[PDB]
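Subsequent text provides C-alpha cells for two forms of one protein chain, presented individually as structure 1 and structure 2.
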Structure 1
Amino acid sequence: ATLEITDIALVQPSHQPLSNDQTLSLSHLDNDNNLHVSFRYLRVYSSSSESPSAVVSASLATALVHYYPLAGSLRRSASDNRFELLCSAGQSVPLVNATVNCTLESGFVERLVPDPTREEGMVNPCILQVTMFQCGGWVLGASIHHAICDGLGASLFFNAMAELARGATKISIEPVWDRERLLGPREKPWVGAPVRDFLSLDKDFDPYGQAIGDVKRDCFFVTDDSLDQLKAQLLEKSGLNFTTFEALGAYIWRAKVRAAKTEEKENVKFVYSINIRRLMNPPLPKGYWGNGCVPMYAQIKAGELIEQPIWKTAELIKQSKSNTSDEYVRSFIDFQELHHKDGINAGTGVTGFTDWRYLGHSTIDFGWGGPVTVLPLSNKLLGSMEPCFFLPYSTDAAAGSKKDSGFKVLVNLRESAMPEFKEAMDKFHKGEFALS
C-alpha cells in the first residue's frame, strides 16, 4: 500500500499577530529534559464526504492568530541552554496532505505523522498531517514537541481549531502564556524529600538512549469482565479496593519487569503524569496550555515487585497519589532550577503509564464527528523507553454486550521481553492472574 504526499501547506496565522519578533520563555515544567521529545499521535475519522484538509487548514490558520507560538522555533537561550520559543512574522505550521489506497482498519501507520528527532522537532515543533483513505475516512496526525504543551494544552488548541471548523465566530477561551510568572522557581529554591527520593543527577545518563534492544509495540484488548474479576479477587484476598489503573497497572508492571529479567536489587519505578492546574495555590488558569502536569511515582526493588502479591503493588500505586501537592510541584520546579545542567533523571527501570480512557476525545470534531480511534506512536515518554497507554473505549464497546466491553492497552517493550509479556497477557485474558 502506497502513501502519496500530494503537498505540504505552510499555514500562517489568518491575521499576522506580531509586529516584530517575540522570544517567549518556557516554564521549568516545559524545560524538563524528559519532555525533549516529539510526541506523535493520530485521530481516525469515519467519513470523508469541503474536504477535511480544507477545513483543518482554514481552522489552523484562524486558531494560529491566538496560538501563533506553535508556528515558532525552539532554541537554546544565550545563558543557560534551556529552551525558549522564537516567534516571528511569516512563520507557519506545516500541514502534510497525503492519500493512501487502503481501508481504515484503525509499520505503515508510522507514515501517518512525521517523525522528527528531538533536535529536528525544535525547528518544526508542530507538524500536522491529513491523510485521506481511498476506501473512506481520514487521519489527523500531529507531531508536537513536548516542551510546548502537555496533552491538555494540545486539546485546548485542537478544540479551538474544531470549534472554528464547526462555524464559531471566535475561539471560546483565550490561551494564556505567562509561563515564567505562573510556574517560575522560588527566590530561594527548596526541594522536599518526595521529589529528592524520586530523582537523581547523572550528566552521563540519557533516559531515552538506554541499550535495551529494539523496542516493539503491541496491542492487547482488555475486557471489563476480566478487570471486574481482578478487582473482586484482590478485594477477597486483601479487603482492599483498587481502581483499574491501580490493579491493571500493577499486573502489567510486574509482568514487564519479570519479562525483562531485571536484576533483583535494581530499583524500578511506575511513573504517571497528573494535571496540577487546579492543585496549585493559586491555580493555573483554564487557558494555560503549557505543560501543567508533574510525574508521580511508585518505586520498589525489582525482586520485590516480581514476587510480592499484586495487592501490595496495587496499594503502592494507590498510595503514590498522596505525594501530589502544591509543594510537590514547587519542589519539582525548584529542583529543575538547581540542577537542569546536572542531568536530572529517575534512573533505569522506569515504566511510564498513560491513561487516555477518561478524556473528551470526541469534542475534537471538525464536521465528520468525533474520532473513532486515537493512537500514540511515541515510545519515549515519562523518562521511559517502554511506556504503556490505556486507550479510550470505542463507541462499539458501549453498543455491545457487557462480556465484549473493554479497551486496548498499547505496550512498548524491548523485543527480548515481548514473548513472555504476551504470555502474561494471555493468562490475564484467561483470568489466571497468579496474584500472590
Structure 2
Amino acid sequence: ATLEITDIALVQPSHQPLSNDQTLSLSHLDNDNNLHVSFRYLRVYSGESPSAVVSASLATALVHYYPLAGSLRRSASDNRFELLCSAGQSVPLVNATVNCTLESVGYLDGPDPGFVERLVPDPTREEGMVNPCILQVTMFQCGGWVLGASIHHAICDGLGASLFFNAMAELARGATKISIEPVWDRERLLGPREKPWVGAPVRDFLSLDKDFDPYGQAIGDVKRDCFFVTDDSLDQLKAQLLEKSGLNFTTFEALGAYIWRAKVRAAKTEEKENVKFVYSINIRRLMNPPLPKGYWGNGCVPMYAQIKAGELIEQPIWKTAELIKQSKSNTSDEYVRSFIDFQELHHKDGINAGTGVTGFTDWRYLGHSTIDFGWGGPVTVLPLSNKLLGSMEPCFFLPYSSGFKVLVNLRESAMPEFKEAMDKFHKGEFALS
C-alpha cells in the first residue's frame, strides 16, 4: 500500500491583494513559545477532481487569507514573530496518490495503515516558517480522498483554521464571496497593558526557565492510539460519580479525570511530582469587549488544574472531576489579560508549565461537518500533532457521525497499562474510589 507525490502546485490568490510589502505583527497569544509548532491534521472524504476544486477555492480564499502565504520571521528587535507578506506569495499544495481504497483501509478510523503520517506535510521548524501553511490532496483508488494541512500554530487556532477552511468549502460549494470577512487587528485587540499586571491564577500555573524545553523532554517514543467510548459507558460513569459526590459532571470533566488518572498511574509518576491537566478554552465570547466574529488568530488560552501525582492516582475520581470543574471558573476577561501581561513581562525568560503536563482538546465541535467541498462533510478527522499546550502527550476528543473516539498520545512504555485501563472502562469497572 504506497503513496506517491505526483506534483506540488504553488497557489496564489486569484487576484493580488497587495501592492506593497506588508509586515504583520502577531498577538501576544500568538507568540507564546508553546505554539512554535507546525499543527498537522487530516480530513477524509468519500467530475472535476478534488485537486482542482480545492486549489481553485484556495486561490479565491487567499484574497482575504493572504497571510497564510506569508513567511514567519523572528524580528531582530524582541525575537517575536512577525509575518512578511509580499505580492507573488503562494500556498503549496501537495498532490499525492495512494494505490488503495478508503474502505480497504477502514477510512483511517482504525489502526495506521503505515502511511498516515505521509498524508500531511511534516515541515521542519525552519521549513514551517518559510511556508506556515501547506495543504495536501491525496487520492485513493475509489475516488475517495484526504485533505492534509500543516498550519503553523502562531497564525491561528483550530477555530481560526476552521474559519479559513469553511470559507474554502463555501466557495467550492458555489459561493462567489465568503460569508465572514477575516479580521486581523491582532496587537490592538490582544496586546498587553501599558503597566502590565498578572494575577495569582496565571502566576500559580507558570514558571520561568530558559533551558527548559517542554517538547524536548526525555520520555521515550510517544505512541498514538484511539479508544471508542460509548454514550452508555459515559452515562453509567456520570451516574456513579453523582451517586458518590452529588455533582453532575460533563463528559469532559468525568472522562477527562479518568483518562488523566490512567495516564499518570501508567507513566509511573512519582507521588510528589506536580502534574497538570491543561486545556484550551475559547475566549472570543468572554473578553470585554468580545473579539470580532472573523478573528482567526489564537483566541484560546490554556486553563489548568494541578495536583501531586500521588493524590491524583489515589483520591476518588469524583474529587479529580470536581477539580477540573472548578478550573473552568478561573476563566475571566482578567485571566486572559493576566496571561497576555505575563508574556509581555517574560517572553524571553522561558515561560513554561513545567513537567507532567497532560494536554486535552475537545474537537467534538469546532465545525468539521460544515467543511464540504462537494463530496460531503468529513467521514474522519485525525490530528497528527503530539506537541501541544505544553504537553508531548496530548489527548483529543474526536467528533461523532453510539459514541466517539478518544485519541491519546502516550510514551510507549505506559501504553500497555493505559490500554488495559480503557478496557476496564469499556466494561464499566471504573475503580472510582
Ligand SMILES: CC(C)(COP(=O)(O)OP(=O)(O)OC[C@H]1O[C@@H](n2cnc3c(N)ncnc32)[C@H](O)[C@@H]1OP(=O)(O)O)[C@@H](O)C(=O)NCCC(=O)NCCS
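Between two forms, the rigid core is defined as the largest C-alpha subset superposing within 1.5 Å. Each residue is numbered by where it sits in the sequence of structure 1, with counting from 1.
Participant: 1 or 2: which is the form solved in complex with coenzyme A (COA)?
Facilitator: Structure 2 is the matching one, since it is the form solved in complex with coenzyme A (COA).
Participant: Can you tell which of 117, 322, 281, 79 moves its Cα by 2 Å or more between the two structures, with the two forms laid on the rigid core?
Facilitator: The residue that shifts is 117.
Participant: Report, in Å with one decimal, the C-alpha displacement of residue 172 between the two structures after core superposition.
Facilitator: Superposing on the rigid core gives a C-alpha shift of 1.1 Å for residue 172.
Participant: Keeping the rigid core fixed, what distance in angstrom separates the two C-alpha positions of residue 135 between the two structures?
Facilitator: Rounded to one decimal, the shift is 2.9 Å.
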